[PDB]
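The structure under discussion appears below in the form of structure tokens.
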Amino acid sequence: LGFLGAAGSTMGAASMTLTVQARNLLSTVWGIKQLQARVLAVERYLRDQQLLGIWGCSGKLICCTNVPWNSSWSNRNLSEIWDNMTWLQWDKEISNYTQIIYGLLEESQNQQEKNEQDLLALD
Amino acid sequence: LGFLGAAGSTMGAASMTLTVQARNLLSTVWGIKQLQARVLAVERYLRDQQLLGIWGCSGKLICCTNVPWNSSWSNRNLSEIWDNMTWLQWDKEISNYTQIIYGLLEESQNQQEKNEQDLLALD
Amino acid sequence: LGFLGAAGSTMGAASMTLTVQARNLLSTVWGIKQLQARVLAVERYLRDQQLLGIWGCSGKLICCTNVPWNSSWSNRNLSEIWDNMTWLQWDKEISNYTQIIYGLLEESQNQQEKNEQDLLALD
Amino acid sequence: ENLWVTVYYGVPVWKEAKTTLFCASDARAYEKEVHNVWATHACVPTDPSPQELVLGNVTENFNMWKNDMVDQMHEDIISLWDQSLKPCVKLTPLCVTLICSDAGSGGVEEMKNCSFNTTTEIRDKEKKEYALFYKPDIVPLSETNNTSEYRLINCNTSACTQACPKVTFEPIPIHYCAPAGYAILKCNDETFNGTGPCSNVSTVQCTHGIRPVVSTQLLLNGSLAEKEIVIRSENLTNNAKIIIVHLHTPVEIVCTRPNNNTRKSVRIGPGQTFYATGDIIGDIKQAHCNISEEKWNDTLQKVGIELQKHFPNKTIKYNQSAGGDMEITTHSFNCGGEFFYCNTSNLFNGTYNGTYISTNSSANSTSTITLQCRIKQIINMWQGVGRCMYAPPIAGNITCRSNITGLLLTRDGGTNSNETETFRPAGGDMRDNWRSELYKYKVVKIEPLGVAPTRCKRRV
Amino acid sequence: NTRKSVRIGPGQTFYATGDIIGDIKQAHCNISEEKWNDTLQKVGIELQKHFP
Ligand SMILES: *[C@@H]1O[C@H](CO)[C@@H](O[C@@H]2O[C@H](CO)[C@@H](O[C@@H]3O[C@H](CO[C@H]4O[C@H](CO)[C@@H](O)[C@H](O)[C@@H]4O)[C@@H](O)[C@H](O[C@H]4O[C@H](CO)[C@@H](O)[C@H](O)[C@@H]4O)[C@@H]3O)[C@H](O)[C@H]2NC(C)=O)[C@H](O)[C@H]1NC(C)=O
Ligand SMILES: *[C@@H]1O[C@H](CO)[C@@H](O[C@@H]2O[C@H](CO)[C@@H](O)[C@H](O)[C@H]2NC(C)=O)[C@H](O)[C@H]1NC(C)=O
Ligand SMILES: *[C@@H]1O[C@H](CO)[C@@H](O[C@@H]2O[C@H](CO)[C@@H](O)[C@H](O)[C@H]2NC(C)=O)[C@H](O)[C@H]1NC(C)=O
Ligand SMILES: *[C@@H]1O[C@H](CO)[C@@H](O)[C@H](O)[C@H]1NC(C)=O
Ligand SMILES: *[C@@H]1O[C@H](CO)[C@@H](O)[C@H](O)[C@H]1NC(C)=O
Ligand SMILES: *[C@@H]1O[C@H](CO)[C@@H](O)[C@H](O)[C@H]1NC(C)=O
Ligand SMILES: *[C@@H]1O[C@H](CO)[C@@H](O)[C@H](O)[C@H]1NC(C)=O
Ligand SMILES: *[C@@H]1O[C@H](CO)[C@@H](O)[C@H](O)[C@H]1NC(C)=O
Ligand SMILES: *[C@@H]1O[C@H](CO)[C@@H](O)[C@H](O)[C@H]1NC(C)=O
Ligand SMILES: *[C@@H]1O[C@H](CO)[C@@H](O)[C@H](O)[C@H]1NC(C)=O
Ligand SMILES: *[C@@H]1O[C@H](CO)[C@@H](O)[C@H](O)[C@H]1NC(C)=O
Ligand SMILES: *[C@@H]1O[C@H](CO)[C@@H](O)[C@H](O)[C@H]1NC(C)=O
């Protein structure tokens with residue numbers, strides 16, 4: 001499947017297709033407009049890569065972070081989320097809470113890296 | 001050495017020169033061309049790095065995958081390939097089957113990541 | 001604390017502030033200059049990232065490399081180096097021997113990768 | 001017991017380098033629906049939180065006479081001044097001989113009638129029109145003693161381009177910002193001579209509000225000093241280096257004008273029209289400027305008592321410039337789209353012999369210094385590559401209630417055994433104002449990579 | 001003589017040929033004889049490889 005093969009499919013079945021939607025992010029009168037759009041696409045991909053790498057999840061598609069999830073954010077059972085819902089309604093009802101989640105991931109990565117350098121220096 | 005030092009040597013001797021060759025991938029009328037060339041050099045490097053990053057071989061010059069090697073692609077022995085064949089005609093021979101290999105590495109990486117996720121969430 | 005927190009401090013005192021000094025590497029007539037500065041920032045970040053990524057220290061501060069330190073570069077003990085001298089004049093006296101050091105780390109990393117290749121293929 | 005190479009990311013080391021810079025402006029200047037302020041709308045909006053980090057215990061060399069920010073500022077102002085006149089009206093058919101005479105009503109000195117003829121929408125028919133051109137914009141071409149043939153001044157050299165009647169020449173502040181991987185070192189020393197070491201250097205993303213005013217001799221709106229008057233010079237020995245005086249207490253300066261009629265619209269082709277001076281309703285009065293007397297007197301006295309530091313056994317003196325044309329010998333500036341060229345003979349008439357004369361009289365603030373002058377319309381700034389502008393007139397009366405911040409002086413040829421050398425106001429190139437504004441800053445490139453020998457060894 | 005400067009507009013001045021001081025001589029070119037002869041001879045003897 002090419003563009004958006006599982007944009008409405010099963011949540012548990014949409015985790016087998018993240019590669020094809022991530023493989024294609026880069027592939028005078030109009031000598032400046034396409035240049036600006038192409039540089040903007042490059043910085044969009046680079047911002048995404050740096051935001052992945054800032055919490056220790058670079059080069060790995062599905063990465064895991066040890067920070068917990070509060071009950072005031074979603075309060076919904078996992079089984080019917082992963083077997084009934086889609087991605088679009090999740091982005092509809094979670095996107096207002098994303099900044100504090102990103103801050104929590106950044107703080108957890110900072111704590112993990114500081115324990116790592118403390119363990120490396122103490123040994 | 002320099003620009004493609006082992007460009008025609010033995011296959012085995014060309015595996016210890018990857019660092020000194022991959023390092024040079026980024027290093028008015030005549031102002032548009034220079035900027036366009038610089039941008040397309042960034043395009044080619046980011047495409048190559050992303051393609052390495054899809055199948056879990058990011059930041060590694062030599063990486064191993066667990067996909068089986070079909071004998072119909074080459075039908076050749078290992079010893080004379082690694083001690084007698086230059087990279088150029090090898091890439092000429094395998095050029096008819098590169099997309100199948102790329103898709104197989106992509107599928108193997110996704111399947112391996114799903115098995116790792118199942119094993120890690122089992123605990 | 002953003003740019004240059006301890007730019008004139010002790011060598012050993014600058015080790016604990018590395019996590020806050022290198023955080024902002026990416027965060028008509030006056031449209032061309034903006035485009036050129038934008039592309040130049042992309043070039044600087046990608047060159048820095050790949051040059052840190054050749055010798056196996058991608059996404060890791062204070063990286064240790066097994067290449068031996070030749071005595072013809074500094075010939076002075078590490079005690080007063082790490083508790084007496086700032087970064088700037090040390091960079092002034094080390095700048096004549098940077099390419100040989102970069103080649104030595106590149107060769108050491110590639111030999112390490114080939115050793116790991118032979119070790120994993122021995123099983 | 002041995003040493004191994006360890007790579008460090010985030011090393012704070014500097015390298016001197018040159019690069020292109022951004023543009024930053026406040027968000028309040030984008031609300032105007034008419035394109036103005038010579039295209040200062042494409043800059044990125046600056047953040048409402050200025051970040052300034054002070055460096056701990058480091059010193060840094062500084063040199064403002066050899067700087068890259070001043071040259072880039074000058075080239076940016078030159079190119080953006082040349083870019084804003086591209087879709088404007090061209091004054092090609094205004095090279096016709098002007099049959100000029102004095103007006104019948106009144107005297108109306110410094111203006112002439114200068115009625116001409118111009119083409120209509122038909123290339124065959126031509127019609128007569130009239131205007132009121134200024135005296136310095138009119139050159140008497142002559143082959144005999146003819147007192148009626150006159151022509152336009154800029155039809156002899158080059159250009160002939162009108163300014164568009166929708167832009168403004170007000171000095172909106174701009175900030176020059178370095179890209180990622182670069183920083184700006186700023187020296188906060190109050191006694192900064194201009195070249196040498198600095199011990200309170202601070203890293204800065206980008207500068208404060210820089211006002212790109214156009215001025216000669218005296219300096220208009222700008223940042224003040226910190227503690228006292230500060231004097232800058234390149235060598236302070238030769239007589240060819242323009243010496244800059246940076247003030248601390250500003251002196252109020254105002255400038256006025258009489259009343260014109262309107263902008264008379266004359267058509268010189270299909271769609272292309274120009275606005276000239278029509279009649280004059282009212283009386284004829286001189287366009288002058290006013291400066292407070294005692295503020296100028298004790299400001300020049302403070303400049304004297306601190307300029308006597310470098311010449312301890314000598315007295316200083318002031319007079320006018322050493323001759324020349326109109327554009328160099330006069331303090332010239334802009335207000336409301338109208339250009340002013342005024343002599344400063346009444347402002348530089350004095351001397352200081354080493355004795356302070358106080359002025360303790362609160363009831364004698366009535367006395368002021370007046371500067372009488374004329375107004376040009378055809379503009380030849382930048383001393384070349386300027387693309388000469390025809391500034392359209394302004395209907396109502398205009399006022400230039402402003403602030404003064406600096407002086408541009410120049411020494412004379414000192415004779416042998418002289419103790420009463422004089423200082424004169426200076427013109428020169430436009431780089432001196434921005435060099436007096438960009439004294440604090442130096443662009444620099446940070447290198448976040450380094451190597452060091454450690455006791456750590458990687459796992460085999 | 002010089003560039004005779006003729007002005008045909010506001011700043012658009014061109015330069016034409018002015019006078020001529022002296023006699024009138026023809027602008028010529030010179031090539032050495034034996035060098036050109038043996039150069040063309042070498043061209044012939046090497047071009048004879050493709051034509052027997
Ligand atoms: C140094 O610093 C001084 C101090 O700011 C600057 O002086 C200012 O100059 C600007 C012009 O660039 C002046 O702005 C003009 O003010 C005129 C009078 O304003 C009064 O009247 C209007 C109503 O007519 C009121 O709204 C206002 O509050 C005042 O009560 C206006 O008539 C001008 O309008 C022009 O511009 C607009 C916008 O483009 C056009 O639509 C109009 O048609 C017209 O062309 C203009 O707004 C400002 O008043 C001056 N300040 C002071 C305190 O007087 C110097 O310019 C600056 N630089 C130098 C080199 O000296
Ligand atoms: C400049 O000269 C013109 C004529 O060449 C004057 O225009 C005349 O003004 C009188 C006003 O009494 C009219 O009666 C005429 O019809 C006008 N003649 C025209 C328009 O061709 C003009 O007034 C003069 N300028 C000034 C300032 O007086
Ligand atoms: C056309 O412009 C030239 C300048 O390139 C004028 O030449 C000088 O102009 C000044 C200003 O009036 C005079 O004082 C000089 O005497 C002029 N000559 C020289 C040799 O410097 C020239 O006069 C202009 N044409 C006319 C007719 O005035
Ligand atoms: C001066 O530099 C030293 C560097 O060892 C530093 O420890 C000290 O704090 C500095 N002094 C001040 C006042 O910052
Ligand atoms: C200007 O042009 C008109 C054309 O209508 C002509 O009659 C007249 O003689 C010309 N000259 C002057 C000085 O008006
Ligand atoms: C250096 O400049 C800063 C600017 O905020 C000032 O607060 C500080 O006092 C200065 N340092 C000294 C030693 O005066
Ligand atoms: C300019 O300065 C240099 C060094 O500061 C000095 O040698 C030279 O004499 C100065 N120039 C003049 C004209 O005095
Ligand atoms: C200014 O220069 C002129 C030029 O000769 C000179 O005569 C005069 O004495 C100087 N000083 C004053 C105050 O005018
Ligand atoms: C300025 O004023 C002086 C003194 O009255 C006068 O001599 C001079 O002609 C005036 N104009 C200029 C352009 O200097
Ligand atoms: C300067 O001031 C003196 C005394 O105040 C006065 O006599 C003289 O006219 C003024 N102007 C010049 C150009 O000397
Ligand atoms: C000149 O314009 C100003 C606008 O600030 C106005 O206050 C003043 O009354 C005007 N002058 C006259 C003589 O009306
Ligand atoms: C000029 O001085 C006056 C009086 O001190 C002040 O109100 C005004 O803001 C100053 N101008 C600028 C541009 O700061």
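Chain labels follow the order of the structure tokens: the first chain is A, the next B, and so on; residue numbering restarts at 1 in every chain, and ligands are counted from 1 in their shown order.
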Present chain C as a compact mmCIF listing (two decimals) with C-alpha atoms, in the first residue's frame, least-squares fitted onto chain B over all of its C-alpha atoms paired in order.
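Contents of selection09.txt, freshly written:
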```txt
# COMPACT_ATOMS: atom_id res chain seq x y z
CA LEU C 1 42.65 9.29 1.03
CA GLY C 2 39.24 10.74 0.20
CA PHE C 3 36.93 9.78 -2.65
CA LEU C 4 37.20 6.29 -4.17
CA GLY C 5 40.21 4.83 -2.38
CA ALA C 6 39.79 1.27 -3.70
CA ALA C 7 37.22 1.68 -6.48
CA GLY C 8 38.79 -1.05 -8.63
CA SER C 9 40.21 -3.34 -5.96
CA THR C 10 39.15 -6.71 -4.55
CA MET C 11 35.75 -7.18 -2.89
CA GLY C 12 37.32 -8.21 0.41
CA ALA C 13 39.99 -5.51 0.18
CA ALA C 14 37.36 -2.74 0.07
CA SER C 15 36.00 -3.60 3.53
CA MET C 16 38.88 -2.07 5.51
CA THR C 17 38.75 1.26 3.63
CA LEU C 18 35.07 2.09 4.19
CA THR C 19 35.90 4.47 7.05
CA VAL C 20 37.77 6.90 4.75
CA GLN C 21 35.79 6.68 1.48
CA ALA C 22 32.41 7.92 2.79
CA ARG C 23 33.63 10.91 4.82
CA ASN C 24 33.02 13.79 2.37
CA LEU C 25 29.26 13.47 1.74
CA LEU C 26 28.77 17.05 3.00
CA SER C 27 32.24 18.55 3.58
CA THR C 28 22.89 36.71 -10.96
CA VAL C 29 23.68 33.74 -13.22
CA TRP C 30 26.21 31.83 -11.08
CA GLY C 31 24.16 32.06 -7.90
CA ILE C 32 21.20 29.99 -9.06
CA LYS C 33 23.43 27.05 -10.04
CA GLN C 34 25.11 27.21 -6.62
CA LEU C 35 21.68 27.14 -4.94
CA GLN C 36 20.50 24.18 -7.04
CA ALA C 37 23.68 22.20 -6.34
CA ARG C 38 23.34 23.04 -2.63
CA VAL C 39 19.72 21.83 -2.48
CA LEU C 40 20.60 18.72 -4.51
CA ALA C 41 23.39 17.85 -2.06
CA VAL C 42 20.89 18.21 0.80
CA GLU C 43 18.43 15.91 -1.03
CA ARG C 44 21.11 13.27 -1.67
CA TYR C 45 22.39 13.24 1.92
CA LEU C 46 18.92 13.14 3.51
CA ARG C 47 17.68 10.42 1.14
CA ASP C 48 20.80 8.30 1.80
CA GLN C 49 20.45 8.81 5.57
CA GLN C 50 16.75 7.89 5.73
CA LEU C 51 17.19 4.92 3.39
CA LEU C 52 19.96 3.59 5.62
CA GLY C 53 17.74 4.37 8.62
CA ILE C 54 14.58 2.45 7.63
CA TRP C 55 16.00 -1.06 8.04
CA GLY C 56 17.72 -0.47 11.39
CA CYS C 57 21.29 0.23 10.27
CA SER C 58 21.55 3.93 11.14
CA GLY C 59 25.11 5.02 11.87
CA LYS C 60 26.67 1.57 11.51
CA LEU C 61 28.82 0.23 8.69
CA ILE C 62 28.67 -3.51 7.82
CA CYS C 63 25.13 -4.06 9.12
CA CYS C 64 23.77 -7.60 9.38
CA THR C 65 20.13 -8.37 8.55
CA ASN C 66 18.30 -11.64 9.28
CA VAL C 67 16.50 -11.84 5.90
CA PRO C 68 17.50 -14.99 3.97
CA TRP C 69 19.43 -14.62 0.72
CA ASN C 70 17.51 -16.07 -2.22
CA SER C 71 19.52 -18.13 -4.70
CA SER C 72 17.73 -16.64 -7.73
CA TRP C 73 19.73 -13.39 -7.53
CA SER C 74 23.37 -14.54 -7.83
CA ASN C 75 23.45 -18.43 -7.78
CA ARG C 76 27.27 -18.36 -7.43
CA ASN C 77 29.46 -19.07 -4.42
CA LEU C 78 30.78 -16.38 -2.07
CA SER C 79 34.47 -17.38 -2.15
CA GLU C 80 35.27 -16.09 -5.64
CA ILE C 81 32.75 -13.27 -5.02
CA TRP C 82 34.77 -11.93 -2.09
CA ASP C 83 38.23 -12.59 -3.51
CA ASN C 84 37.83 -12.30 -7.29
CA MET C 85 35.33 -9.62 -8.34
CA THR C 86 35.33 -5.83 -7.98
CA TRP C 87 32.31 -3.73 -7.02
CA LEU C 88 31.33 -2.28 -10.42
CA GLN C 89 30.39 -5.38 -12.42
CA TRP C 90 28.76 -6.91 -9.33
CA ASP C 91 26.60 -3.78 -9.12
CA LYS C 92 25.90 -4.24 -12.84
CA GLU C 93 24.56 -7.77 -12.33
CA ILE C 94 22.69 -7.05 -9.05
CA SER C 95 20.88 -3.89 -10.27
CA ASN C 96 17.88 -5.82 -11.64
CA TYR C 97 16.93 -7.13 -8.16
CA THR C 98 17.31 -4.16 -5.81
CA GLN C 99 13.69 -3.18 -5.11
CA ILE C 100 12.73 -6.71 -4.01
CA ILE C 101 15.77 -6.77 -1.70
CA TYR C 102 14.84 -3.36 -0.23
CA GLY C 103 11.28 -4.55 0.36
CA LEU C 104 12.56 -7.72 2.05
CA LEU C 105 14.81 -5.77 4.44
CA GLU C 106 11.97 -3.33 5.17
CA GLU C 107 9.55 -6.17 6.00
CA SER C 108 12.20 -7.98 8.08
CA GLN C 109 13.03 -4.83 10.07
CA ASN C 110 9.37 -4.06 10.74
CA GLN C 111 8.70 -7.66 11.81
CA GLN C 112 11.77 -7.48 14.09
CA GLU C 113 10.42 -4.27 15.62
CA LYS C 114 7.01 -5.86 16.22
CA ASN C 115 8.71 -8.90 17.79
CA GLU C 116 10.70 -6.63 20.12
CA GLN C 117 7.43 -4.80 20.91
CA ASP C 118 5.71 -8.07 21.87
CA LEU C 119 8.77 -9.25 23.84
CA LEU C 120 8.98 -6.05 25.89
CA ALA C 121 5.20 -5.99 26.38
CA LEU C 122 5.22 -9.62 27.57
CA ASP C 123 6.95 -8.60 30.82
```
Compute the chain D side of the contact with chain E at 6 Å, counting only C-alpha atoms, and hand it back as a compact mmCIF listing (two decimals) with C-alpha atoms, in the first residue's frame.
```txt
# COMPACT_ATOMS: atom_id res chain seq x y z
CA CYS D 155 18.59 65.43 -17.18
CA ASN D 156 22.33 66.19 -17.44
CA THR D 157 23.80 63.29 -15.42
CA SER D 158 21.64 60.13 -15.16
```
Worksheet item: ligand 9: which residues are within 10 Å, counting only C-alpha atoms and all ligand atoms, as a VMD selection string?
Response: chain D and resid 320 to 321 323 to 331 341 to 346 371 to 374
* To do: Could you please write out, as a ChimeraX atom specification, every residue of segment 14-96 of chain A that DSSP assigns to helix (DSSP H, G or I)?
  => /A:14-16,20-23,33-53,78-84,87-96
I'd like a table as a tab-separated table: residues in chain D with an atom no more than 12 Å from ligand 12, each row giving the shortest atom pair and its distance in Å to one decimal, only C-alpha atoms and all ligand atoms counted, sorted by chain and rising residue number.
```
residue	atom	partner	partner_atom_place_in_ligand_line	distance
D:171	CA	ligand 12	13 (C)	10.4
D:172	CA	ligand 12	13 (C)	11.2
D:173	CA	ligand 12	13 (C)	10.7
D:209	CA	ligand 12	13 (C)	10.5
D:210	CA	ligand 12	13 (C)	10.6
D:211	CA	ligand 12	13 (C)	8.8
D:212	CA	ligand 12	13 (C)	11.9
D:213	CA	ligand 12	13 (C)	11.0
D:219	CA	ligand 12	13 (C)	11.4
D:220	CA	ligand 12	13 (C)	8.3
D:221	CA	ligand 12	13 (C)	4.7
D:222	CA	ligand 12	13 (C)	5.8
D:223	CA	ligand 12	14 (O)	7.0
D:224	CA	ligand 12	14 (O)	8.1
D:225	CA	ligand 12	14 (O)	11.7
D:247	CA	ligand 12	1 (C)	11.7
D:248	CA	ligand 12	5 (O)	10.3
D:249	CA	ligand 12	5 (O)	7.6
D:250	CA	ligand 12	2 (O)	5.5
D:251	CA	ligand 12	2 (O)	6.8
D:252	CA	ligand 12	2 (O)	6.3
D:253	CA	ligand 12	1 (C)	9.0
D:254	CA	ligand 12	1 (C)	11.2
D:295	CA	ligand 12	5 (O)	11.6
D:400	CA	ligand 12	11 (N)	11.8
D:401	CA	ligand 12	1 (C)	9.0
D:402	CA	ligand 12	1 (C)	6.4
D:403	CA	ligand 12	1 (C)	4.1
D:404	CA	ligand 12	1 (C)	6.9
D:405	CA	ligand 12	1 (C)	8.2
D:406	CA	ligand 12	1 (C)	12.0
```
Next, write the just-selected residues to a file, as a compact mmCIF listing (two decimals), in the first residue's frame, keeping N, CA and C atoms as the atom set.
```txt
# COMPACT_ATOMS: atom_id res chain seq x y z
N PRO D 171 12.14 56.03 9.79
CA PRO D 171 13.11 55.01 10.23
C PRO D 171 12.55 53.97 11.19
N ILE D 172 11.93 52.94 10.61
CA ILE D 172 11.43 51.82 11.42
C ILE D 172 12.62 50.99 11.92
N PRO D 173 12.64 50.57 13.18
CA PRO D 173 13.78 49.80 13.68
C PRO D 173 13.87 48.41 13.08
N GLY D 209 17.01 47.69 18.79
CA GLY D 209 16.37 48.40 17.70
C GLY D 209 17.29 49.40 17.04
N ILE D 210 17.72 49.11 15.82
CA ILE D 210 18.63 49.98 15.09
C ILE D 210 17.81 50.88 14.17
N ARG D 211 17.94 52.19 14.35
CA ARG D 211 17.22 53.15 13.52
C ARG D 211 18.10 53.54 12.35
N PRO D 212 17.73 53.20 11.11
CA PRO D 212 18.56 53.55 9.95
C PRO D 212 18.23 54.94 9.41
N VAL D 213 18.58 55.96 10.19
CA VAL D 213 18.33 57.33 9.77
C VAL D 213 19.33 57.74 8.69
N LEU D 219 24.00 63.83 14.15
CA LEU D 219 23.35 62.53 14.10
C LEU D 219 21.96 62.64 14.71
N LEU D 220 20.96 62.10 14.01
CA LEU D 220 19.57 62.09 14.47
C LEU D 220 19.34 60.93 15.43
N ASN D 221 18.06 60.55 15.61
CA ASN D 221 17.56 59.52 16.53
C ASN D 221 18.44 58.28 16.60
N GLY D 222 18.80 57.90 17.82
CA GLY D 222 19.68 56.76 18.02
C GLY D 222 19.84 56.49 19.50
N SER D 223 20.60 55.44 19.79
CA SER D 223 20.86 55.07 21.18
C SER D 223 21.88 56.01 21.80
N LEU D 224 21.72 56.28 23.09
CA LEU D 224 22.65 57.15 23.80
C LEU D 224 23.83 56.33 24.31
N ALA D 225 24.70 56.99 25.07
CA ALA D 225 25.81 56.31 25.72
C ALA D 225 25.32 55.77 27.07
N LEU D 247 27.20 61.23 22.42
CA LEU D 247 26.69 62.05 23.51
C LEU D 247 25.98 61.22 24.56
N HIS D 248 25.64 61.88 25.67
CA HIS D 248 24.93 61.29 26.79
C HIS D 248 23.62 61.99 27.10
N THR D 249 23.60 63.33 27.06
CA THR D 249 22.38 64.09 27.28
C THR D 249 21.89 64.64 25.95
N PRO D 250 20.70 64.25 25.49
CA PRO D 250 20.22 64.73 24.19
C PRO D 250 19.80 66.19 24.23
N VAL D 251 19.83 66.82 23.06
CA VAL D 251 19.41 68.20 22.87
C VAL D 251 18.24 68.22 21.90
N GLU D 252 17.16 68.88 22.28
CA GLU D 252 15.96 68.88 21.45
C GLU D 252 16.14 69.77 20.23
N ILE D 253 15.73 69.26 19.07
CA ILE D 253 15.83 69.98 17.80
C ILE D 253 14.50 69.86 17.06
N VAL D 254 13.99 70.99 16.56
CA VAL D 254 12.75 70.99 15.79
C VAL D 254 12.99 71.69 14.46
N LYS D 295 21.44 74.14 26.38
CA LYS D 295 21.69 72.71 26.24
C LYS D 295 22.81 72.44 25.25
N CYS D 400 9.46 68.31 12.51
CA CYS D 400 10.49 67.30 12.74
C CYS D 400 10.99 67.38 14.18
N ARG D 401 10.06 67.28 15.13
CA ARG D 401 10.43 67.24 16.54
C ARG D 401 11.25 65.99 16.81
N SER D 402 12.56 66.16 17.00
CA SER D 402 13.49 65.04 17.00
C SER D 402 14.48 65.07 18.15
N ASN D 403 15.48 64.20 18.07
CA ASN D 403 16.48 63.99 19.11
C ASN D 403 17.85 63.93 18.44
N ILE D 404 18.87 64.49 19.09
CA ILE D 404 20.24 64.47 18.57
C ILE D 404 21.07 63.58 19.49
N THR D 405 21.96 62.78 18.89
CA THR D 405 22.72 61.82 19.69
C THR D 405 24.21 61.78 19.42
N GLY D 406 24.71 62.35 18.33
CA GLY D 406 26.12 62.22 18.03
C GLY D 406 26.60 63.30 17.09
```
Could you list, as number ranges by chain, all the residues within 7 Å of ligand 6, counting only C-alpha atoms and all ligand atoms? D: 54, 188, 200
Q: Using only C-alpha atoms and all ligand atoms, determine which residues fall within 6 Å of ligand 11, then list them as a VMD selection string.
A: chain D and resid 397 to 399
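Nearest residue to ligand 7, choosing from D:234, D:266, D:375, D:355 and counting only C-alpha atoms and all ligand atoms: D:234.
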Could you list the protein, DNA and RNA residues that have any atom within 6 Å of ligand 5, counting only C-alpha atoms and all ligand atoms, and write them as number ranges by chain? D: 117, 126-127
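Distance-wise, atom CA of residue 203 of chain D and atom CA of residue 435 of chain D end up 19.8 Å apart.
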_Environment of ligand 3 within 8 Å, counting only C-alpha atoms and all ligand atoms, reported as a ChimeraX atom specification_ = /D:139-142,153,156-157
Those same residues, written as an mmCIF file, in the first residue's frame with N, CA and C atoms?
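Produced file result-v1.cif, reproduced below:
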```
data_model
loop_
_atom_site.group_PDB
_atom_site.id
_atom_site.type_symbol
_atom_site.label_atom_id
_atom_site.label_comp_id
_atom_site.auth_asym_id
_atom_site.auth_seq_id
_atom_site.Cartn_x
_atom_site.Cartn_y
_atom_site.Cartn_z
ATOM 1 N N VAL D 139 19.119 74.530 -13.492
ATOM 2 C CA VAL D 139 20.439 74.897 -13.992
ATOM 3 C C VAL D 139 20.262 75.791 -15.212
ATOM 4 N N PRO D 140 20.882 76.972 -15.248
ATOM 5 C CA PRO D 140 20.770 77.848 -16.423
ATOM 6 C C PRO D 140 21.623 77.434 -17.611
ATOM 7 N N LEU D 141 21.111 76.577 -18.499
ATOM 8 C CA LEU D 141 21.823 76.335 -19.749
ATOM 9 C C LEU D 141 21.814 77.618 -20.571
ATOM 10 N N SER D 142 22.957 77.942 -21.165
ATOM 11 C CA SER D 142 23.086 79.243 -21.801
ATOM 12 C C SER D 142 24.149 79.204 -22.884
ATOM 13 N N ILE D 153 17.882 69.640 -13.532
ATOM 14 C CA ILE D 153 19.275 69.331 -13.193
ATOM 15 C C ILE D 153 19.638 67.873 -13.479
ATOM 16 N N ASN D 156 20.944 66.017 -17.024
ATOM 17 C CA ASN D 156 22.326 66.186 -17.441
ATOM 18 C C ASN D 156 23.211 65.016 -17.039
ATOM 19 N N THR D 157 22.936 64.364 -15.905
ATOM 20 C CA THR D 157 23.802 63.292 -15.424
ATOM 21 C C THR D 157 23.262 61.891 -15.708
#
```
Rows by chain and residue number, chain D within 12 Å of chain A, shortest pair, only C-alpha atoms, as a tab-separated table:
```
residue	atom	partner	partner_atom	distance
D:455	CA	A:121	CA	11.2
D:456	CA	A:121	CA	9.5
D:457	CA	A:120	CA	11.5
D:458	CA	A:120	CA	11.3
```
Would you write out those residues with N, CA, C and O atoms, as an mmCIF file, in the first residue's frame?
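Final file, part37.cif:
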```
data_model
loop_
_atom_site.group_PDB
_atom_site.id
_atom_site.type_symbol
_atom_site.label_atom_id
_atom_site.label_comp_id
_atom_site.auth_asym_id
_atom_site.auth_seq_id
_atom_site.Cartn_x
_atom_site.Cartn_y
_atom_site.Cartn_z
ATOM 1 N N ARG D 455 41.298 9.150 30.554
ATOM 2 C CA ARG D 455 41.620 7.814 31.036
ATOM 3 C C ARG D 455 40.594 6.774 30.606
ATOM 4 O O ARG D 455 40.814 5.579 30.828
ATOM 5 N N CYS D 456 39.486 7.202 30.009
ATOM 6 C CA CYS D 456 38.434 6.289 29.584
ATOM 7 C C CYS D 456 38.839 5.528 28.332
ATOM 8 O O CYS D 456 39.475 6.076 27.429
ATOM 9 N N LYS D 457 38.457 4.254 28.280
ATOM 10 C CA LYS D 457 38.699 3.403 27.126
ATOM 11 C C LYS D 457 37.424 2.637 26.807
ATOM 12 O O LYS D 457 36.726 2.176 27.715
ATOM 13 N N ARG D 458 37.120 2.514 25.518
ATOM 14 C CA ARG D 458 35.908 1.831 25.094
ATOM 15 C C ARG D 458 36.040 0.321 25.285
ATOM 16 O O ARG D 458 37.141 -0.232 25.359
#
```
